[PDB]
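Enquirer: Quick one: the structure is below, questions incoming.
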Amino acid sequence: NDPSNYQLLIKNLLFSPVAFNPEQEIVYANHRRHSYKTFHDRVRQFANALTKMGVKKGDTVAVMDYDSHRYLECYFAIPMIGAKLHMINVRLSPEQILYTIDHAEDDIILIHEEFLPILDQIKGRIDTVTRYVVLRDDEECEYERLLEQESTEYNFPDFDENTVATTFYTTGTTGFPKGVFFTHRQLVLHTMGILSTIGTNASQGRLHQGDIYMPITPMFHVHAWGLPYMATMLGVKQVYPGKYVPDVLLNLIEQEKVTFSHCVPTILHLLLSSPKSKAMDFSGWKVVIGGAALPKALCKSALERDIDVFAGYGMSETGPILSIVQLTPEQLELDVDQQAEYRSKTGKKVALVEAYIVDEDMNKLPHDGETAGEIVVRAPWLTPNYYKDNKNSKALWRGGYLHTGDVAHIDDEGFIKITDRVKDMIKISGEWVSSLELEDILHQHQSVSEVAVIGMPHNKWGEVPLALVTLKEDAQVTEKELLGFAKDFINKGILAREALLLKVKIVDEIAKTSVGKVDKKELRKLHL
Amino acid sequence: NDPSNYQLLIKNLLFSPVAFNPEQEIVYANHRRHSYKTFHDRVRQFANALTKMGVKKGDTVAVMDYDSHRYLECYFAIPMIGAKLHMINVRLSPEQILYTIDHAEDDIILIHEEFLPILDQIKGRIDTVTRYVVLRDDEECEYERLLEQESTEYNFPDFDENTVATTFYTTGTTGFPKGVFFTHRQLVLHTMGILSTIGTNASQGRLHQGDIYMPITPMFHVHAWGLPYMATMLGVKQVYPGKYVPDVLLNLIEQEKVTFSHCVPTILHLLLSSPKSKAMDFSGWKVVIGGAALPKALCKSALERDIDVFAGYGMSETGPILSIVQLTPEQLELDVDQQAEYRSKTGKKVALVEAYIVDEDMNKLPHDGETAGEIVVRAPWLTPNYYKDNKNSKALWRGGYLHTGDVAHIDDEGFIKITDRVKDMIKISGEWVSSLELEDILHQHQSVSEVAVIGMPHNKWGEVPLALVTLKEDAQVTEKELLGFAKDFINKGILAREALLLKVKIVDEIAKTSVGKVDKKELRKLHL
Amino acid sequence: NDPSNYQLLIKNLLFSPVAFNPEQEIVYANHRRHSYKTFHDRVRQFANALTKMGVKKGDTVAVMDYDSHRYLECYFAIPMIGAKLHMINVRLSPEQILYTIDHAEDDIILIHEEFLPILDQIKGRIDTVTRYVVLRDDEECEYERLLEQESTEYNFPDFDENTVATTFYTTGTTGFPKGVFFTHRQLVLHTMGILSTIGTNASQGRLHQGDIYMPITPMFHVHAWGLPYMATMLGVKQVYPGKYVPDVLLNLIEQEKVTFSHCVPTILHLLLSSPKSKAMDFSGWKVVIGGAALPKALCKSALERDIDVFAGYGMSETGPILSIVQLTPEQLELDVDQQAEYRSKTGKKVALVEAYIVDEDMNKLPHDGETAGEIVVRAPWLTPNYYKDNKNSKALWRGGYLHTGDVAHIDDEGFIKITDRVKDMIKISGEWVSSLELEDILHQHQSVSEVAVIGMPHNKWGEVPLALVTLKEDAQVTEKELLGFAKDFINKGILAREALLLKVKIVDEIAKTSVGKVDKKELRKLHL
Ligand SMILES: CCCCCCCC/C=C\CCCCCCCC(=O)OP(=O)(O)OC[C@H]1O[C@@H](n2cnc3c(N)ncnc32)[C@H](O)[C@@H]1O
Ligand SMILES: CCCCCCCC/C=C\CCCCCCCC(=O)OP(=O)(O)OC[C@H]1O[C@@H](n2cnc3c(N)ncnc32)[C@H](O)[C@@H]1O
Ligand SMILES: [C][C][C][C][C][C][C][C]/[C]=[C]\[C][C][C][C][C][C][C]C(=O)O=P([O])([O])O[C][C]1O[C](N2[C]=NC3=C2N=[C]N=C3[N])[C]([O])[C]1[O]
Ligand SMILES: [Mg+2]
Ligand SMILES: [Mg+2]
Ligand SMILES: [Mg+2]
């Protein structure tokens, strides 16, 4: 390697950070506390231990645990040695987990004790795995004992910046999970170029060197939104809660004085509604709600607690971060409502992102704020293709751009607002109607629990929508009333107001995926 | 080019910024005002005009003017088309300028009217130049007329990120100026990784999206410290003063409400001592004094005016930025003095910088804060070699590291303090003594104007120091008194206190280079 | 290397010559005499000494001395080891010498004692030079002492025949000197193909194995016209005079019985006009006057002394030899005058030379002897380009041919006669007039010392000529008389006879370059 030819490697994020305080703390909730010097020593020890296990540059190490110092150490030691880090979604079914393990061809598996029963249904069909390391919170952890036998000195290799570092096997609508992968260069550029955008904000929604970081995301989904890398590059204090219990989360936020975190709307709603939060000071917190479609009512309610709530956008193929809501100081004088609308949007695109809006022919629809279309992006941290896929990869990068699958409109000043998914469009007549606004209208009904809208195919009118609704306790509302209730509203195009073929139906239950999202694909098969 | 293979190009800094306000202003002092949309249109127009002139990817365009919107437009249009941008140091002698022009083989020269007489001494010996464009501040500017005939639509090329973009021909101690060069990738990484460090500071010395930028640097030295790129990436307001007159500078700072600037100690001293600054509010200003060795007394005096003064470090081979003074909130409670010492240091190394201290055998001396040595660095934005040089290039990158030429010590917490130059070391006996502290001691004398210390070679004691001093008005102090005056001080090692062979001498004048720096090399030849 | 694949190397010129007499003498004037066996031993010793100094294949060794056995030994030992030989023009200014040394990046410098003061003005700004060897004519020479410590046995390497051997940095009209370079193959082909032409002449102007060679050229200009190589290949006696004093030159010619030499018109005129030459037998001498434009009067005067005077042509980019005057036995019966005209011409092209005449559009003007045009040549010993130059190199080889810069006409039988330079053409009207014939007409005036003609630009008539003349002692001739004196002559085209805008002016002095040639470029700037 030419010393004058600089390679962008993950080890430079750790050993050449923005700031490095040797006495800054890393805290695993009520279990462990150490310093950044101890963290570096443990990273070197884990590198030595992995080298002893026969792990080489091309190997793959799979991880299965919660959010802890161990996961943070795996985020660095495994990529630095050159091997690939496979984050297993522990929320998938055991069959899908087995498929992902077989597809990735893992060599070492680091699994928490609480996930052992799942492995009990899968270990029999697992090949290519030579060692299982059981992680525990007590003294009998195999990871800690393996660390104890190794020295704290290690000379980390130099390799090409285009070597793969992480894979985590997203699961969309394909029938099988799809492998996504990133290199050292992409991760370094991601953290650098998002720190250069979020950190340069004037007064709102900025992460700086004086914060205290705390993930409330699974940390195996999308690299925990890349935020652990940014937090360790800033040399900030990091707190890891573990199993995401609302009471212990609130206690940790109070005691550790957490000021920056990121979350999904469900856990945020559970922490705001907790009785322990009624007498808790929240005017130092900077939650980023970028999971999926931060509701306006939840954002308002959180703003009344003096919480800096803003939304971000990701995909799991795109870094993941593509856009973040940033408010100008003029926009910070709005009272509670216009701020609620602005903060719940998709946000403006981050540095080094193109983010055009196109249609089915890739025609780059204008940014008038009313014309909806698919989002299509270019960024320095996108997956070139799906692992071991050809035609899905070709469909992913159709037309020289990465296809997102989200239908949105971009307004004049640049604010993005996602309206629907590509596959969930009611392509009624020749128009493209979104099923989200119909669901929201029907959800507002007093005697309605959950609403799902499905496109029923027609001879004419293209395909028409069919509504599936679940009622509340001791509630019995006829189908005609629900049809009429939607007809009450106004401001809809096409035939009258798209209220002639709503076809609302009662189901007792609505099918959901293993994560808890409405499985519209299975709803089709059941009803048509 | 593979669309999934992202190239780091300068056009992405302009068209994919952190923030973009179309109505944000670019102001050339009392001459011109336009918006960012107009700036983009003018960049496209200049691209068209350069294309009409026959400028191709491998061509070189040389620029000679002050700080204006024209220089900012040249910072973008010329690199985007692929050609190289040659910044000519207008402070050099005409012979050195001719040498640099001949060495770079410029094709188009953009020269201000006020620099025409210099070209009158050099145009006769100039080859390879096919067009001269005369820049004026009035309506008769050739640049403006060339812009007026072109359209505001242009499709910018994609090329490799390793294509050269800028050259500016630094002049150290070589006998001839040395060519330095950078690529698109290096500049993009420089701006991104310095925004990610300076912008993430908690409360002190940060540049954010609400500032107002104003260069007080020649803008041809080192890319104006790379700050125009950072300012345009943030979509901030930029003000360009022109000829650097203290009165107009103060007027511009007052009227335009400038909050961020960078400067050298001389211009800062002239703006603090100006009578117009006595009744001027300076408590919004964030000068970065990284030119050369910000004095402690000047920093104190500036701190009493409530100015956020801090120092940075550069070389002209290194991006240039390598280290910046950053203060923790604990350090911000010091009154006026300890803050003066901290703010005048070289500073801590920025993100993605190694910055070891070594000796003549490259042994990596420890960071105890007392052991001095040469600074040696690795960074993503260093020059691989000197242009059209082999052995100077080999000496630049000796031992797999870039050699700086500065002798400094690094303390425990990471603060760098530069003590001297490599070639200005009194290698007395076997020790390495710095000539800066001897100059400071002799400069403190009441009847002393300027002191230069030169190493006179000895048979034994290695080489001994010889002092050249200029006296003040109506001052006549004997050599013996000056020798005794230095002997008064204490805390010096080696023989007694290195006061037995000071060899102070009176000169009437001391030779200086074309910039205004003491030319120690010529002092040798004159005296030995 | 394949032994059946023969490489044309300089070592074959020495070790496989046409003739080799071990007892043949090499004489340095009144200082040293040795034999060819001693010369070979000294070449091997110098190879050993250079190897001890760390000189490798890619290194460069620079030489600065007069004509001696040392220069002849450097002509062989340095190229044979593989390194490049840099001949420094000691007649240049110290600044130009410094520029050439820095550009060539010399490692070892061999400098005569008498050239030490020049180095005293330049050594301070010299880099890349690790050793200085001082050459002396006494016993204390460092070169001789270095030779004395080495053995006379050495095995010379085999390398590609396209490896560079010599560079000498010609200085035309560029603003900076231009680097020219040749390979082993080119030098071997040059000596072979010029020996095959000049040696095969019937009775006049031939160099054979019975001659005695003596250079009267600086020996650093153009390889001394390549004649030392030819002389050592023939195994002939060689005499080196040193400092070119006319008295010692005549004494050496008389005592050593020199029969072949080459010279420039100035030294020839000084040796013919010397009082010691009045009683000296010159009917064995074969001077080649190929420096610049052998005058007809000087050639006549030399022919009355029974000297075989003939002219040759070179450039310093072309081997240098391109054409030599050769007389058929029919032409040898002319009395004194027609022989004077024939011998002073440029001559017929030598073997393996194309030598067409072209115009500004490269149209290959006919060889009618009246139509003038630029000389354009192809030969096996031309420089492919200028060292470290791109656009000057492109202009040198424009149109697939090497551009000479001389304007000449070629007659039917093949005789070339150079009329002017390309840049010195009065492009009056649409015609191309030569300034040499106007200078000759004005020089003939009794009260005229030196005449220079410069083209003054006009609105119409293209550009008109302006004459600068210096008068003799106690001579005062009005401008009108000089204008009328030129009008007396006849046989000139265009308007009347190109006598309406002569614009003769008196200067006291006329600027000359460092060599002693009229600097027309500076004359422009002074007068227009
Ligand atoms: C400056 C230092 C501090 C930096 C702060 C970092 C901000 C991070 C903000 C959030 C990034 C979003 C991360 C989510 C990644 C995707 C979640 C994942 O597990 O992926 P999956 O493929 O299952 O789902 C992707 C899918 O979700 C939808 N979606 C995601 N975010 C959305 C928002 N904000 N709004 C609407 N929809 C959103 C999309 O359908 C996407 O394709
Ligand atoms: C058979 C064994 C014996 C061989 C005899 C060898 C015959 C050698 C005859 C002479 C060759 C000419 C050598 C001169 C090389 C050029 C001199 C030099 O130092 O180059 P520079 O670039 O300064 O000048 C080149 C320039 O000079 C003019 N010029 C040269 N020769 C000329 C003649 N004969 N007539 C007119 N002009 C001449 C040209 O302008 C040329 O470009
Ligand atoms: C975040 C956003 C914002 C950003 C900001 C930025 C900052 C910047 C700072 C500063 C940097 C620096 C620059 C400078 C460069 C250089 C100059 C030039 O021109 O160069 P040259 O001439 O080559 O020089 C170099 C030298 O100098 C010196 N220095 C510098 N600096 C310094 C010094 N010293 C001491 N201190 C300091 N600071 C050295 O010697 C070098 O080498
Ligand atoms: Mg996804
Ligand atoms: Mg420098
Ligand atoms: Mg020449």
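Naming scheme: A, B, ... for chains in displayed order of the structure tokens; residues 1 onward per chain; ligands 1 onward as shown.
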Near residue 187 of chain A, within 10 Å and counting only C-alpha atoms, which residues show up once chain neighbours fewer than 5 positions away are dropped, as a short mmCIF file (atom, residue, chain, number, x, y, z; two decimals) with C-alpha atoms, in the first residue's frame?
Expert:
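What ended up in out34.cif:
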data_model
loop_
_atom_site.label_atom_id
_atom_site.label_comp_id
_atom_site.auth_asym_id
_atom_site.auth_seq_id
_atom_site.Cartn_x
_atom_site.Cartn_y
_atom_site.Cartn_z
CA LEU A 8 -11.12 5.50 4.24
CA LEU A 9 -11.31 2.75 6.87
CA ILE A 10 -13.43 2.27 9.98
CA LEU A 13 -13.12 6.64 12.87
CA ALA A 165 -17.94 -4.61 6.35
CA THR A 166 -21.61 -5.20 7.23
CA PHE A 182 -21.79 -1.75 2.72
CA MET A 192 -18.76 12.23 8.06
CA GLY A 193 -21.39 13.69 5.74
CA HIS A 223 -26.57 0.11 11.97
CA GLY A 226 -25.38 4.95 11.88
CA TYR A 229 -20.40 5.58 14.78
CA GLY A 319 -27.20 4.19 4.45
CA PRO A 380 -22.21 7.85 -1.62
CA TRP A 381 -23.55 5.15 0.74
CA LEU A 382 -26.00 3.06 -1.30
#
Enquirer: Do you know which residues are within 8 Å of ligand 5 using only C-alpha atoms and all ligand atoms? Can you write them as a ChimeraX atom specification?
Expert: /B:170-172,314-317
Enquirer: Would you mind exporting the chosen residues as a PDB file, in the first residue's frame, restricted to N, CA, C and O atoms?
Expert:
ATOM      1  N   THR B 170       3.535  26.795  -3.816  1.00  0.00           N
ATOM      2  CA  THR B 170       4.146  27.307  -2.596  1.00  0.00           C
ATOM      3  C   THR B 170       5.637  27.565  -2.809  1.00  0.00           C
ATOM      4  O   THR B 170       6.280  26.985  -3.687  1.00  0.00           O
ATOM      5  N   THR B 171       6.190  28.458  -1.986  1.00  0.00           N
ATOM      6  CA  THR B 171       7.592  28.870  -2.077  1.00  0.00           C
ATOM      7  C   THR B 171       8.246  28.823  -0.691  1.00  0.00           C
ATOM      8  O   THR B 171       8.153  29.757   0.110  1.00  0.00           O
ATOM      9  N   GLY B 172       8.908  27.706  -0.400  1.00  0.00           N
ATOM     10  CA  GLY B 172       9.636  27.560   0.846  1.00  0.00           C
ATOM     11  C   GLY B 172      11.100  27.920   0.715  1.00  0.00           C
ATOM     12  O   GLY B 172      11.438  29.034   0.301  1.00  0.00           O
ATOM     13  N   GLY B 314      -1.686  25.115   9.384  1.00  0.00           N
ATOM     14  CA  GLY B 314      -1.663  24.689   8.000  1.00  0.00           C
ATOM     15  C   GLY B 314      -0.258  24.793   7.447  1.00  0.00           C
ATOM     16  O   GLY B 314       0.618  25.432   8.035  1.00  0.00           O
ATOM     17  N   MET B 315      -0.107  24.265   6.274  1.00  0.00           N
ATOM     18  CA  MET B 315       1.178  24.223   5.717  1.00  0.00           C
ATOM     19  C   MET B 315       1.207  24.686   4.323  1.00  0.00           C
ATOM     20  O   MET B 315       2.149  25.334   4.014  1.00  0.00           O
ATOM     21  N   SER B 316       0.214  24.397   3.526  1.00  0.00           N
ATOM     22  CA  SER B 316       0.118  24.574   2.077  1.00  0.00           C
ATOM     23  C   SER B 316       0.454  23.289   1.330  1.00  0.00           C
ATOM     24  O   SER B 316       0.289  23.213   0.109  1.00  0.00           O
ATOM     25  N   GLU B 317       0.918  22.273   2.052  1.00  0.00           N
ATOM     26  CA  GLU B 317       1.045  20.927   1.522  1.00  0.00           C
ATOM     27  C   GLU B 317       0.027  19.976   2.129  1.00  0.00           C
ATOM     28  O   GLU B 317      -0.014  18.802   1.746  1.00  0.00           O
TER      29      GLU B 317
END
Enquirer: I'd like a table as CSV: residues in chain C with an atom no more than 6 Å from ligand 2, each row giving the shortest atom pair and its distance in Å to one decimal, only C-alpha atoms and all ligand atoms counted, sorted by chain and rising residue number.
Expert:
residue,atom,partner,partner_atom_place_in_ligand_line,distance
C:170,CA,ligand 2,22 (O),5.7
C:194,CA,ligand 2,1 (C),5.4
C:195,CA,ligand 2,1 (C),4.2
C:198,CA,ligand 2,1 (C),3.8
C:199,CA,ligand 2,1 (C),5.0
C:207,CA,ligand 2,2 (C),4.9
C:221,CA,ligand 2,19 (O),4.4
C:222,CA,ligand 2,15 (C),5.5
C:225,CA,ligand 2,13 (C),4.9
C:227,CA,ligand 2,4 (C),5.7
C:288,CA,ligand 2,9 (C),5.8
C:290,CA,ligand 2,10 (C),4.0
C:291,CA,ligand 2,31 (N),4.7
C:292,CA,ligand 2,38 (C),4.0
C:293,CA,ligand 2,35 (N),4.1
C:311,CA,ligand 2,34 (N),5.5
C:312,CA,ligand 2,9 (C),4.0
C:313,CA,ligand 2,34 (N),3.7
C:314,CA,ligand 2,12 (C),3.7
C:315,CA,ligand 2,25 (C),3.6
C:316,CA,ligand 2,20 (O),4.4
C:320,CA,ligand 2,15 (C),5.1
C:321,CA,ligand 2,11 (C),4.5
C:346,CA,ligand 2,34 (N),5.2
C:406,CA,ligand 2,40 (O),5.9
C:418,CA,ligand 2,36 (C),6.0
Enquirer: Residues of segment 353-516 of chain A classed as helix (DSSP H, G or I) by DSSP on the backbone are to be reported as a ChimeraX atom specification.
Expert: /A:391-396,398-400,435-443,479-488
Enquirer: Can those selected residues be exported to a file as an mmCIF file, in the first residue's frame so that it contains N, CA, C and O atoms?
Expert:
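Listed below is the output, part_5.cif:
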data_model
loop_
_atom_site.group_PDB
_atom_site.id
_atom_site.type_symbol
_atom_site.label_atom_id
_atom_site.label_comp_id
_atom_site.auth_asym_id
_atom_site.auth_seq_id
_atom_site.Cartn_x
_atom_site.Cartn_y
_atom_site.Cartn_z
ATOM 1 N N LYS A 391 -31.737 -10.187 -10.944
ATOM 2 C CA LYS A 391 -32.863 -9.436 -11.489
ATOM 3 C C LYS A 391 -33.479 -8.487 -10.469
ATOM 4 O O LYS A 391 -33.913 -7.389 -10.837
ATOM 5 N N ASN A 392 -33.529 -8.881 -9.196
ATOM 6 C CA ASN A 392 -33.926 -7.936 -8.158
ATOM 7 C C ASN A 392 -32.933 -6.784 -8.075
ATOM 8 O O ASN A 392 -33.321 -5.630 -7.861
ATOM 9 N N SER A 393 -31.645 -7.084 -8.252
ATOM 10 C CA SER A 393 -30.633 -6.037 -8.303
ATOM 11 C C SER A 393 -30.853 -5.114 -9.494
ATOM 12 O O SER A 393 -30.696 -3.892 -9.380
ATOM 13 N N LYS A 394 -31.205 -5.679 -10.654
ATOM 14 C CA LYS A 394 -31.469 -4.854 -11.828
ATOM 15 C C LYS A 394 -32.679 -3.956 -11.611
ATOM 16 O O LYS A 394 -32.684 -2.795 -12.034
ATOM 17 N N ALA A 395 -33.722 -4.479 -10.964
ATOM 18 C CA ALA A 395 -34.891 -3.654 -10.675
ATOM 19 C C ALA A 395 -34.589 -2.604 -9.613
ATOM 20 O O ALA A 395 -35.239 -1.555 -9.580
ATOM 21 N N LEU A 396 -33.617 -2.872 -8.738
ATOM 22 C CA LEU A 396 -33.262 -1.906 -7.702
ATOM 23 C C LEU A 396 -32.602 -0.667 -8.294
ATOM 24 O O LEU A 396 -32.860 0.455 -7.844
ATOM 25 N N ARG A 398 -32.752 0.484 -11.566
ATOM 26 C CA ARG A 398 -33.299 0.718 -12.895
ATOM 27 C C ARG A 398 -33.089 2.168 -13.314
ATOM 28 O O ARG A 398 -33.309 3.091 -12.526
ATOM 29 N N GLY A 399 -32.659 2.367 -14.557
ATOM 30 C CA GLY A 399 -32.516 3.709 -15.083
ATOM 31 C C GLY A 399 -31.336 4.485 -14.552
ATOM 32 O O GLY A 399 -31.317 5.713 -14.664
ATOM 33 N N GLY A 400 -30.345 3.809 -13.978
ATOM 34 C CA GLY A 400 -29.193 4.497 -13.434
ATOM 35 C C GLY A 400 -29.420 5.147 -12.090
ATOM 36 O O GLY A 400 -28.606 5.973 -11.668
ATOM 37 N N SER A 435 -53.539 4.913 -0.598
ATOM 38 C CA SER A 435 -54.393 4.242 0.373
ATOM 39 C C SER A 435 -54.189 4.742 1.795
ATOM 40 O O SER A 435 -54.944 4.340 2.689
ATOM 41 N N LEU A 436 -53.195 5.600 2.034
ATOM 42 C CA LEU A 436 -52.946 6.077 3.389
ATOM 43 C C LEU A 436 -53.994 7.093 3.828
ATOM 44 O O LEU A 436 -54.459 7.055 4.972
ATOM 45 N N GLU A 437 -54.378 8.011 2.937
ATOM 46 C CA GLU A 437 -55.367 9.017 3.309
ATOM 47 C C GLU A 437 -56.745 8.404 3.519
ATOM 48 O O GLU A 437 -57.512 8.885 4.361
ATOM 49 N N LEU A 438 -57.083 7.354 2.768
ATOM 50 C CA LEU A 438 -58.341 6.654 3.008
ATOM 51 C C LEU A 438 -58.322 5.937 4.351
ATOM 52 O O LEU A 438 -59.333 5.911 5.062
ATOM 53 N N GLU A 439 -57.182 5.341 4.711
ATOM 54 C CA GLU A 439 -57.062 4.696 6.014
ATOM 55 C C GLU A 439 -57.199 5.706 7.145
ATOM 56 O O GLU A 439 -57.851 5.429 8.158
ATOM 57 N N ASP A 440 -56.589 6.884 6.992
ATOM 58 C CA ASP A 440 -56.661 7.902 8.034
ATOM 59 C C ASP A 440 -58.088 8.396 8.234
ATOM 60 O O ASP A 440 -58.522 8.622 9.369
ATOM 61 N N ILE A 441 -58.831 8.577 7.139
ATOM 62 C CA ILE A 441 -60.212 9.044 7.244
ATOM 63 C C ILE A 441 -61.065 8.016 7.980
ATOM 64 O O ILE A 441 -61.853 8.357 8.871
ATOM 65 N N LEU A 442 -60.908 6.738 7.628
ATOM 66 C CA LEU A 442 -61.700 5.694 8.268
ATOM 67 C C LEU A 442 -61.239 5.426 9.696
ATOM 68 O O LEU A 442 -62.044 5.007 10.535
ATOM 69 N N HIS A 443 -59.957 5.656 9.991
ATOM 70 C CA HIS A 443 -59.451 5.427 11.340
ATOM 71 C C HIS A 443 -60.025 6.429 12.335
ATOM 72 O O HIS A 443 -60.177 6.105 13.520
ATOM 73 N N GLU A 479 -72.097 -1.584 7.592
ATOM 74 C CA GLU A 479 -71.219 -1.223 6.482
ATOM 75 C C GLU A 479 -71.702 0.044 5.784
ATOM 76 O O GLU A 479 -70.888 0.862 5.339
ATOM 77 N N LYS A 480 -73.021 0.225 5.687
ATOM 78 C CA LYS A 480 -73.564 1.396 5.005
ATOM 79 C C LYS A 480 -73.159 2.686 5.708
ATOM 80 O O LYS A 480 -72.859 3.691 5.052
ATOM 81 N N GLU A 481 -73.153 2.682 7.044
ATOM 82 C CA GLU A 481 -72.737 3.869 7.783
ATOM 83 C C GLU A 481 -71.279 4.210 7.500
ATOM 84 O O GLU A 481 -70.932 5.382 7.316
ATOM 85 N N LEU A 482 -70.409 3.196 7.464
ATOM 86 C CA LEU A 482 -69.002 3.441 7.166
ATOM 87 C C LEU A 482 -68.824 3.995 5.758
ATOM 88 O O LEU A 482 -68.008 4.898 5.536
ATOM 89 N N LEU A 483 -69.575 3.462 4.790
ATOM 90 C CA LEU A 483 -69.532 4.009 3.437
ATOM 91 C C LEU A 483 -69.996 5.460 3.420
ATOM 92 O O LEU A 483 -69.364 6.316 2.791
ATOM 93 N N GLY A 484 -71.101 5.755 4.110
ATOM 94 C CA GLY A 484 -71.581 7.124 4.183
ATOM 95 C C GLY A 484 -70.659 8.045 4.954
ATOM 96 O O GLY A 484 -70.537 9.227 4.618
ATOM 97 N N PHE A 485 -70.007 7.526 5.999
ATOM 98 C CA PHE A 485 -69.108 8.350 6.800
ATOM 99 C C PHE A 485 -67.947 8.875 5.964
ATOM 100 O O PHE A 485 -67.563 10.044 6.085
ATOM 101 N N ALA A 486 -67.373 8.024 5.111
ATOM 102 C CA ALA A 486 -66.321 8.479 4.209
ATOM 103 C C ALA A 486 -66.855 9.461 3.174
ATOM 104 O O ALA A 486 -66.141 10.387 2.774
ATOM 105 N N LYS A 487 -68.102 9.273 2.731
ATOM 106 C CA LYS A 487 -68.702 10.175 1.755
ATOM 107 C C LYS A 487 -68.917 11.578 2.312
ATOM 108 O O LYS A 487 -69.122 12.514 1.533
ATOM 109 N N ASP A 488 -68.884 11.739 3.638
ATOM 110 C CA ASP A 488 -69.103 13.053 4.233
ATOM 111 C C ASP A 488 -67.991 14.027 3.862
ATOM 112 O O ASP A 488 -68.250 15.211 3.617
#
Enquirer: Hey, can you check how far atom CA of residue 310 of chain B sits from atom CA of residue 22 of chain A?
Expert: 24.0 Å
Enquirer: Once DSSP has gone over the backbone, tell me which residues of segment 44-123 of chain C are in strand (DSSP E or B), as a PyMOL selection string.
Expert: chain C and resi 60-64+84-87+108-112
